[PDB]
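Have a look at the structure below before the remarks.
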Amino acid sequence: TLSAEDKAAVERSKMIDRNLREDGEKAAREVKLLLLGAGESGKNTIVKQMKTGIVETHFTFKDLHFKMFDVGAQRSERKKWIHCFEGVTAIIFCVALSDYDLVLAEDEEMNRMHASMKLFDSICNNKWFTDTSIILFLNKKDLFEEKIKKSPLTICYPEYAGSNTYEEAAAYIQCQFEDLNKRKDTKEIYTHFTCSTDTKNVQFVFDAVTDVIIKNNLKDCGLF
Amino acid sequence: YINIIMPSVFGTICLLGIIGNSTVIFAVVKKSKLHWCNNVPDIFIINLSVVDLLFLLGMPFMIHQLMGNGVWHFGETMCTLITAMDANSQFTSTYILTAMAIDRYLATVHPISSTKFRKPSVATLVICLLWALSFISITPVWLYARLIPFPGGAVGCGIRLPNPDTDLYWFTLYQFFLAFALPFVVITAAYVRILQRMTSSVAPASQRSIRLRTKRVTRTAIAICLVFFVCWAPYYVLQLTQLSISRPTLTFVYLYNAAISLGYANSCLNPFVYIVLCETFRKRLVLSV
Amino acid sequence: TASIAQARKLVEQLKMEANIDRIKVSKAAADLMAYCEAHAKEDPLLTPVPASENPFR
Amino acid sequence: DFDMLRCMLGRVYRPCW
Amino acid sequence: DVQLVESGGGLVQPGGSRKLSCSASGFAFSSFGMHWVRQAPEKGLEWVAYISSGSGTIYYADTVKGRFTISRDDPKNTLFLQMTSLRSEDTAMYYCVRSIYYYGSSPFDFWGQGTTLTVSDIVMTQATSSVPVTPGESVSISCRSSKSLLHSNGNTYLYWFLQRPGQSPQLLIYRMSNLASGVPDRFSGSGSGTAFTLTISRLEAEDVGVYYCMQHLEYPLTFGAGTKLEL
Amino acid sequence: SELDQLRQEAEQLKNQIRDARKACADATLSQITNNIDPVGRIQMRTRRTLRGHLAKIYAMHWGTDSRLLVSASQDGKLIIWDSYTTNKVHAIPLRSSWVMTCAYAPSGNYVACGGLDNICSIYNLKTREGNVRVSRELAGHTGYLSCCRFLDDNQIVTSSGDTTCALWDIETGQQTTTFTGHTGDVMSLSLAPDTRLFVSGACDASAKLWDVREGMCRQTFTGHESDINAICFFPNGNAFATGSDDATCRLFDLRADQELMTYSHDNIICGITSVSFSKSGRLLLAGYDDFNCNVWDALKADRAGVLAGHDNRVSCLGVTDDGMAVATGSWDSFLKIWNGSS
């Protein structure tokens, strides 16, 4: 019982539905990455290799489009907007390896490495990221090898009782972050040792995201 | 005891299969909020339950000539319709099962390139095409479904081939190939490739999440292949064996009726494989209960 | 001298908020009760309208 | 309660040979 | 700026074929439904064809259905009218009209300049053909319809158009009461059921022209004869 | 010395305010409204379901005609709905998809939206080109935009996570007035019916009354134990209600300068996302994280009804200007229209 103008309005509404459906299918094929980390942790160097309030970076790698979101400039309360990223493909967390014997500029008493661990566990164990995989980047690998000779890891980790070598100190730090995973069944942590001249960081993200895509396909298909 | 044991098997399978298939249909429909499904895996799983439900609803109309006095009471007109109806349901469920395993192969071994054509529209087109291929594959079934005069005053619905001496071979082999041989090879090949490619190269296999993922997917791929084989191998093993057999004995007849029940059990066990072995579906179903 | 400057600003604000005129709660409660009673009939959610006058049949 | 020695082809009977 | 330019008109032989083009610029062409409205010499407006946004719906007048074809090219922002078996009845100035349909919109708001082609059903009645008018004096123009233009949704689909001499028709009132954008507030549309009145308070020189009433209740869209105001 | 003296004076002034509020608290709203009859059971049905959003809906706002509404979802779309016919009038693609608030101009010619991009974007709905285009981008907030409300086609008041509220001149794009004094992220704002004052709720668990023309905070309202997420004026403009994370809704009176009623239940332990009043103010509607919307008897603090039709958190709601219907948006990507029946 529509009029001539009502019918054309319904036809316009269905044209809008056609474009909304097209946009959603395009958006489902894209990879959304929440880039987190502390200051001077190499987080900005990651963006430079993958070329307001939130900074969004788009890049395509091997027929896959990535959307990287930087929320470093958001100085507000994280809990008021952290739920907006529930549903991202994964989280990229940047940790500076060389920032283990250093301390926070403001606190002047809290170790920088412990600050990263405190932030890592509040994100990994957050209720909005229960089954969200984490791509853990351990940056400044070359600087860590130079500093480990002079400053032992025992300054940051008193319980550490291993050799004062990069091959053992770096592995101990890698396990400390992974041991913070309070849910070792619903999510996995992909750990990569990056640097200031590395060129395999984007390749690693593609490999780690591919595993997340497979895992989500298995859940939807009912195999998992 | 024989007159009570056989009806009990069909009665239990039909009722339990209807309960299981109705649960999957209800949960998927509720997940879709009473609207067309936007998920390719949900399109395949709800259509498989429908055909399985159709295969089980039509079970008593096909087996009543095996448990009572061996008499077909529905006449010749329903003899051709129901026999084609039962044949169509078995083939469609098998084809949807094979298409569902190929769909899972694409979503795992080709996680990037398959997103171009793993759309809800393409899934509906494929599933509708599976019904079309099922109608063609049951053409000899309904062309020759005629009443068979048994000795005495009793008749039964059956297949009367124009050349029963020679046409009996191609009729068995073409149904054996399309419904057991070819789909099982594709389904088995699909899942072994999934188990070989279910994780990326950099996945932390030492982590418990990857070990738990591999264990759960492995037993789901085994259960799907094992249920299909167990419920359909004896039916088609006896299908090929009876070609040489001229006068069946009581033991062969009892085995053949058991094989028929196992074939219906596949449509009873398919919904419960998804209900039990899928943690995401099972947890969501428990919440509603 | 950031803390001392902020302290003056906070104290000055509290002086403005402390010198306003406040009526009794019973007086304030009556006005809220009176407004609802006056507008009760013209509230569709409070008193549902017949389906003939409902734009969302 | 019948002579259940009939030949079968699929889920339906067939004439014995 | 919004612009609709028609081309392709000219002298043709009877029974021949001619192609009309409408070039759109300055607005979102793909979001607008498009109409062809013709005007025979010394005659009123006559609606020809309609293609909706997205080409999903097409309507034709009965006098042209089967011989005329309306089509659009959204990437090139062009509207087409392929005409065949042209008769002397098809000799008219054809106008390109845009109309967008959503809640609260104003259809038929912009008309093209039109191209002249020469060849070698609710009834809208405007009984008063001519009205002698003077500046500053209130003028009322009446329109009648065989069927009630009031719909069950509350709308009364009656439109008013002013065609000043030598110019394209200009929308004044849409849905019998709403004033089109850019139209002075002195124009007002009032009516009820099948009878409608357009009131022009403080008449000016620019108001001189022929006023048409169109109904949009259902297709085919029909115009009134036209009431001409002269000094 | 001087700093220590000043902070003691602030405590004395706070004690003076508390005693002044206690002096005028002769009776309680519950005692005054104890005699009146309850509203009974409020039953509403989902008249319409607005489908088309493919992500979580964070904001919605009705038009002044009580028929058009705009919804903001993090799929990057601003959609204007015809609630009568469920027709989609417009679909506005957003440059930033992290939208947290949307507004509808009282004239209906503009809609606003803004989120984590710290920008309040003004969109023109009435163009000669037939498409919705951005007319202004209001920059200057250093935190995410949490709420915005038009005063007219040229003025809009916005709240941000930088603990400030701003009044903007849209033609010039500059904030004419800045409202400072909150110590936590401001999460909501509500204009008074006369648009001369507005209230804001922040993460410091306090509500402030602001003078739009003068630009200063007039009254401060405390009592909530956690972040205030929602705030709404009473229809007469002499009171307002807030919704907080402490699972309570509270009603404050401007002239009494103190809380009048608390709307809480023992079974309710989740945060409150949105609050709204009916046309008469008798019903207070609140959205919750428990996926439901509870109807409250504002005068008697009794739960009158429950709007349970969403499968995820109810993030927004609004009541039309004629009080005919109430719309609820949710993270399940659906909007629903509710009203009762005789």
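Data table
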quantity: Unique match (being within 12 Å of chain A (Cβ to nearest Cβ), crowded, with 20+ Cβ neighbours inside 10 Å and on the phi < 0 side of the Ramachandran plot) among B:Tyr191, B:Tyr256, B:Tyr235, B:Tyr264; calculated: B:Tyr191
quantity: Pairs with Cβ under 9 Å, 6+ apart, first in segment C:15-36 and over 12 Å from F:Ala20 (Cα atoms) and facing chain F (nearest Cβ under 7 Å), second aromatic (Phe, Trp, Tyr) and loosely packed, with under 15 Cβ neighbours inside 10 Å; calculated: none
quantity: Hits in segment F:5-64 (condition: touching a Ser or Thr at 6+ places or on another chain (Cβ under 7 Å), more than 27 Å from F:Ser274 (Cα to Cα) and of a type in the set (D, E, K, R)); calculated: F:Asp26
quantity: First in segment E:138-157 and of a type in the set (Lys, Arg), second anywhere and assigned to a strand (DSSP E or B), Cβ under 6 Å, 6 or more apart; calculated: E:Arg144/E:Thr125; E:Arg144/E:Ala195
quantity: Positions within segment F:207-231 being out of contact with any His (no Cβ under 7 Å at 6 or more places or on another chain), at negative phi and within 14 Å of chain C (Cβ to nearest Cβ), in sequence order; calculated: F:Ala207, F:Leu209, F:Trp210, F:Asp211, F:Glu214, F:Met216, F:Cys217, F:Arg218, F:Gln219, F:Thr220, F:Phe221, F:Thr222
quantity: Only one of A:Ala73, A:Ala90, A:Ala105 that is among the small types (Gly, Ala, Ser) and more than 26 Å from F:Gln74 (Cα to Cα); calculated: A:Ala105
quantity: Condition met for C:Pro55 (within 30 Å of F:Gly305 (Cα to Cα) and in contact with a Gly (Cβ under 8 Å, 6 or more places away or on another chain)); calculated: no
quantity: Top-ranked residue of segment F:121-152 - restricted to ones that are among the β-branched types (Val, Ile, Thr) and within 29 Å of A:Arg75 (Cα to Cα), ranked as surrounded by the fewest Cβ atoms within 10 Å (Cβ to Cβ); calculated: F:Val134
quantity: Conditions (1) under 21 Å from F:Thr142 (Cβ atoms); (2) under 19 Å from the mean Cα position of the chain (by Cα): number failed by A:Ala105; calculated: (2)
quantity: Flag for B:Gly68 being in contact with an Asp or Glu (Cβ under 9 Å, 6 or more places away or on another chain) and exposed (fewer than 15 other Cβ atoms within 10 Å of the Cβ); calculated: yes
quantity: Flag if F:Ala327 is part of a strand (DSSP E or B) and either within 17 Å of C:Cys36 (Cβ to Cβ) or in contact with a helix residue (DSSP H, G or I) (Cβ under 9 Å, 6 or more places away or on another chain) (or both); calculated: no
quantity: From the options A:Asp70, A:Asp101, residue that is surrounded by fewer than 19 Cβ atoms within 10 Å (Cβ to Cβ), among the charged types (D, E, K, R) and closer than 27 Å to A:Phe144 by Cα; calculated: A:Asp101
quantity: Hits in segment F:271-304 (condition: under 16 Å from F:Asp37 (Cα atoms) and not in a loop (DSSP other than H, G, I, E, B)); calculated: F:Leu283, F:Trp296, F:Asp297, F:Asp302, F:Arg303, F:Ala304
quantity: Whichever residue in segment A:37-57 is aliphatic (A, V, I, L, M) and in contact with a helix residue (DSSP H, G or I) (Cβ under 6 Å, 6 or more places away or on another chain) and, among such residues, is surrounded by the fewest Cβ atoms within 10 Å (Cβ to Cβ); calculated: A:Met50
quantity: Scope segment F:320-342; condition more than 11 Å from chain C (Cβ to nearest Cβ) and either surrounded by fewer than 21 Cβ atoms within 10 Å (Cβ to Cβ) or among the small types (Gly, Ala, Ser) (or both); matching residues; calculated: F:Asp321, F:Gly329, F:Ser330, F:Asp332, F:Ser333
quantity: Candidate set from segment B:27-45 (those that are surrounded by 14 or more Cβ atoms within 10 Å (Cβ to Cβ), more than 17 Å from the chain's Cα centre (by Cα) and assigned to a helix (DSSP H, G or I)); member that is farthest from the other protein chains (Cβ to nearest Cβ); calculated: B:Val29
quantity: Entirely in segment A:118-224, the helices (runs of 4 or more DSSP H) that have 1 or more residues that are within 14 Å of another protein chain (Cβ to nearest Cβ), out of contact with any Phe, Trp or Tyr (no Cβ under 6 Å at 6 or more places or on another chain) and of a type in the set (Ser, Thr, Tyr); calculated: A:201-221
quantity: Index of the failed condition, F:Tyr84 passing every other in (1) more than 8 Å from every other protein chain (Cβ to nearest Cβ); (2) aromatic (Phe, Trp, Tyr); (3) farther than 19 Å from F:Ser146 by Cα; calculated: (1)
quantity: Residue list for segment C:25-43, filter: of a type outside the set (S, T, N, Q) and touching a helix residue (DSSP H, G or I) at 6+ places or on another chain (Cβ under 9 Å); calculated: C:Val25, C:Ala28, C:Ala29, C:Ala30, C:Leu32, C:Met33, C:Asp43
quantity: Members of segment F:88-107 found to be more than 8 Å from every other protein chain (Cβ to nearest Cβ), part of a loop (DSSP other than H, G, I, E, B) and either surrounded by fewer than 24 Cβ atoms within 10 Å (Cβ to Cβ) or polar (S, T, N, Q) (or both), listed by number; calculated: F:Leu94, F:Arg95, F:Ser97, F:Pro106, F:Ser107
quantity: Unique residue being hydroxyl-bearing (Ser, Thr, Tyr) and in contact with a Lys or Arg (Cβ under 8 Å, 6 or more places away or on another chain) when the list is B:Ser209, B:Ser200; calculated: B:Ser209
quantity: Unique match (being within 14 Å of chain A (Cβ to nearest Cβ), surrounded by fewer than 20 Cβ atoms within 10 Å (Cβ to Cβ) and out of contact with any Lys or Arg (no Cβ under 8 Å at 6 or more places or on another chain)) among B:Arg247, B:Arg282; calculated: B:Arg282
quantity: Subset of segment A:63-96 that is outside any loop (DSSP other than H, G, I, E, B) and of a type in the set (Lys, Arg) - its residue that is nearest to the other protein chains (Cβ to nearest Cβ); calculated: A:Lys80
quantity: Residue match in segment A:26-48 (condition: among the basic types (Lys, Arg), away from chain E (no Cβ under 14 Å) and in a strand (DSSP E or B)); calculated: yes
quantity: Residue check for B:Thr172: polar (S, T, N, Q), closer than 30 Å to A:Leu64 by Cβ and either part of a helix (DSSP H, G or I) or under 17 Å from the mean Cα position of the chain (by Cα) (or both); calculated: no
quantity: Pairs with Cβ under 6 Å, 6+ apart, first in segment F:1-19 and facing chain C (nearest Cβ under 7 Å) and farther than 15 Å from C:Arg8 by Cβ, second in a helix (DSSP H, G or I) and small (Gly, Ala, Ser); calculated: F:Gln16/C:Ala18; F:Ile17/C:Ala18
quantity: Index of the failed condition, E:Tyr159 passing every other in (1) within 12 Å of another protein chain (Cβ to nearest Cβ); (2) closer than 21 Å to E:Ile200 by Cα; (3) in a loop (DSSP other than H, G, I, E, B); calculated: (3)
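Throughout, read-outs are computed from the coordinates displayed, never taken from laboratory work. Cβ coordinates were reconstructed from backbone atoms using ideal geometry, including for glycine residues, and neighbour counts include every protein chain displayed.
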